Amino acid sequence: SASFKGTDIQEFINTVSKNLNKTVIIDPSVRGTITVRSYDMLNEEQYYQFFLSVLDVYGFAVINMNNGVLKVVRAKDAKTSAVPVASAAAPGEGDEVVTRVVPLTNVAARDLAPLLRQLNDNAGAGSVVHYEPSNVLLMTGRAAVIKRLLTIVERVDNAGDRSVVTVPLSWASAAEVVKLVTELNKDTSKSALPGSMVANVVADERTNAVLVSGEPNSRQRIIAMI
Amino acid sequence: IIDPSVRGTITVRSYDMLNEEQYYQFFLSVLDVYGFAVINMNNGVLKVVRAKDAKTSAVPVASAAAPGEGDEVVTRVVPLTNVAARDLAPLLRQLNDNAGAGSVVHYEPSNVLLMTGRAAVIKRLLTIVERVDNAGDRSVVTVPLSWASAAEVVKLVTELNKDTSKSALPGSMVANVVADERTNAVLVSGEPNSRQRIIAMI
Amino acid sequence: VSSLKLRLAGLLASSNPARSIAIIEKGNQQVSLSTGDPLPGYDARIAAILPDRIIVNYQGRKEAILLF
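(A) Quick peek at the overall build of chain A. Assigned secondary structure in chain A consists of six helices and eight strands. In chain A, the succession of α and β elements from N to C terminus is α-α-β-β-β-α-β-β-α-β-α-β-β-α. For 226 residues, the compact-globule estimate of 2.2 N^0.38 gives 17 Å, and the C-alpha radius of gyration of chain A, at 28 Å, exceeds that figure by more than 25%. Taken as a whole, chain A presents about 13500 Å² of accessible surface, with 55% of it coming from carbon and sulfur. Distance between charge centres in chain A, computed from 23 positive and 23 negative side chains, equals 4 Å.

Okay, here's the thing in structure tokens:
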């Protein structure tokens, strides 16, 4: 059971380590203590789980290795030459630090970078966000952060990107209609919004139908007018 | 041989025994924690530096078959073949700005991509480029056409899918289209989640 | 209760390769002790280390040490 009262972080690592039976190297400039009362018992896996969680609260972070056991850093960063990177099948769990990446396929990867570098500006040497003309979208963060942000892009990118559909026409003129659509629904003193989420229209004279492309709550208007 | 200006101590309790290879392994790891770094040599044994840099005239460089292991310091290089080697250099000089005289990143018009870093860093960064460069670079494919006009279609594609008030993105990850009038087919080139749209319209 | 002026700072479960492990602080100095080792301060022997109390044979008597 995790019954630790005023226990120093040093004797925390040096005792909990004993129980865990794993080697550990502490670095200097690590000064402090915890205190906690626990009622349920945590040795099987929730031992190491909650251990790393407690280290996470103070932000003193650790990285574990394969041949030897983990270590304690005071730099708190992924810059430690150690960053086990998930490959979208192992999200891990909130405690560990990974470095994930995704090729975002529909959206400019610049503008979500300030909002995300802010929303997730972890002030304990947390992740960063960068753009490459190959639209790589990478970060390191934590493993719980992964859930929230994956969910972010997967929802915001799945917001009805470009799709195309047409409509034939029984008898009316073709080039004349579109020739008269961008005059009835063109603009305003201030743009409804940026170039996306608004549809453009062209037409051929060959099959006497008209072309639209856009979003599932933009095109419906166009079909309304026609 | 130890150098001066090396003042400090460690402390650690270990339960398992480490002499065979994990001895030297963990030894160098401990030196690595404080950032006091060492380089080993062939004729004589290693030394301890206070400059912490690859600038020491000693940098055994792996050749992509020996990645080594996290403890040692190498100087690796790769000819990156698909991407401008400038812009990933700030993000990587930051992500990997080792403040103990860690690696650097430079560009040559031959697209050399070099660094020194550590040996564990090698894994993460090799994996980086190998994933980001393998992200669906330029490939070409065509489509014939039964009866409709050729030059007229493409002549009318860059009007329906051309731009927006703000660019979808930089010049990559977006396809360009031309066509000949000779075989009555049309040309596309781009990325495996960009071209599919073009085939949709056609 | 126990009459010894000792404050329990930590009490973890018994490790795998050992029988028991308990951290005891005395005189502002922290030290790790096990089941069977003598006390450096007084001539007392630790009989057992229970998860809910401490049993120490002080002067041939059993004393219960509760959490602080």
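The structure having been displayed, the exposition proceeds.
(B) Region of the structure containing the interface of chain A and chain C. Between chain A and chain C, the residue contacts involve 13 residues of the former and 14 residues of the latter. Between chain A and chain C lies a buried interface of about 1200 Å² when both sides are counted; carbon and sulfur atoms form 51% of it. It is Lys5(A), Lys18(A) and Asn19(A) that lose the most area in chain A upon contact with chain C, and together they represent 42% of the buried surface on that side. The interface formed by chain A and chain C includes zero salt bridges. In this structure, the connection of chain A to chain C is made through four residue pairs in polar contact. Per element, the largest residue contribution to the side of chain A that touches chain C is five residues, and it comes from helix 1 (residues 9-20) of chain A. Here the residues of the side of chain A that touches chain C sort into three nonpolar, six polar and four charged.

(C) The interface of chain B and chain A, seen in detail. Contacts between the two partners involve 37 residues from chain B, matched on the other side by 42 residues from chain A. Taken together, the two surfaces of chain B and chain A that pack against each other cover about 3700 Å², and 63% of this comes from carbon and sulfur. Counting across the interface, chain B meets chain A through zero salt bridges. Of all the secondary structure elements, the ones that give two or more residues to the side of chain B that touches chain A are helix 1 (22-33), helix 2 (88-95), helix 3 (119-133) and helix 5 (195-201) of chain B. In terms of residues, the side of chain B that touches chain A owes the most to one element, helix 3 of chain B, which gives four residues. Of the residues contributing to the side of chain B that touches chain A, the split by class is 20 nonpolar, ten polar and seven charged.

(D) Looking closely at helix 4 (residues 143-157) of chain A. Residue and element names in this part refer to chain A. Counted at 1.5 Å a residue, the expected span for helix 4 with its 15 residues is 21 Å, and the 21 Å between its end C-alpha atoms agrees. Within helix 4, burial applies to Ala143, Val145, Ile146, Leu149, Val153 and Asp157. Seen along its axis, helix 4 keeps its buried residues to an arc of 115°; they face one direction. Of the exposed residues in helix 4, the ones pointing more than 90 degrees away from its buried face are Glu154 and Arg155. Here the buried face of helix 4 lies against strand 3 (100-103) and helix 3 (112-119).

(E) Summary view of the sheet that holds strand 4 (residues 106-107) of chain B. All names here are of chain B. Here three strands make up an open sheet; going across it, the order is 3-5-4 and the pairing antiparallel. Of all the strands in the sheet, just strand 3 (76-79) and strand 4 have a single pairing partner and so form its edges. Note that strand 4 and strand 5 (residues 112-115) share two bridges and pair antiparallel. Residue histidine 106 lies in a different strand from strand 5, and its bridge partner there is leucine 114.

(F) Here's a closer look at the sheet that holds strand 5 (residues 54-58) of chain C. Residues and elements named next belong to chain C. Here three strands make up an open sheet; going across it, the order is 4-5-6 and the pairing antiparallel. Two strands lie at the open edges of the sheet, namely strand 4 (45-49) and strand 6 (61-65), each paired on one side alone. Strand-to-strand, the axes of this sheet are offset by a mean angle of 25°, without reference to chain direction. Strand direction decides the pairing type here: strand 4 and strand 5, joined by four bridges, are antiparallel. Bridge assignment links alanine 48 to a residue of strand 5, and that residue is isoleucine 55.

(G) Structural view of the nonpolar core. Residue and element names in this part refer to chain A. Counting residues in hydrophobic clusters, the biggest one holds 19 residues, and the most contacted among them are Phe4, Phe12, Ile13, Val16, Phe51, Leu55 and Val62. The element best represented in this core is helix 2 (residues 46-57), accounting for six residues. Not counting chain neighbours up to four residues away, the residues in contact with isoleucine 13 comprise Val24, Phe51 and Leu55.

Parameters at a glance
- Residues numbered from 1 in each chain as written, not as in the entry; some residues may be left out.
- Chains lettered and ligands numbered in written order.
- Part of a larger assembly, values for the part shown.
- Heavy atoms only, no water.
- Helix = DSSP H or I, 4+ residues; strand = E, 2+ residues; numbered from the N terminus.
- Rg over C-alpha atoms; globule rule 2.2 N^0.38 Å.
- Areas by Shrake-Rupley, 256 points an atom, 1.4 Å probe, with all protein chains shown as cover.
- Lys, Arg positive; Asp, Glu negative; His and termini not counted.
- Charge placed at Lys NZ, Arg CZ, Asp CG, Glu CD.
- Contact = heavy atoms within 4.5 Å.
- Buried area = accessible area lost by both parts, 1.4 Å probe.
- Salt bridge = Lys/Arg side-chain N within 4 Å of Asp/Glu carboxyl O.
- Polar contact = N/O pair within 3.5 Å; in protein donor to acceptor, adjacent residues only side chain to side chain.
- Nonpolar A, V, L, I, M, F, W, Y, C, P; charged D, E, K, R; others polar.
- Expected span 1.5 Å × (residues − 1).
- Buried < 20%, exposed > 50% of the residue type's maximum accessible area, 1.4 Å probe, protein only.
- Arc of directions from axis to C-beta.
- Pairing = 2+ DSSP bridges.
- Axes fitted to C-alpha atoms, helices over the stretch in contact; angles between N-to-C directions.
- Core = buried A, V, L, I, M, F, W, Y, C linked by side-chain atoms within 4.5 Å.

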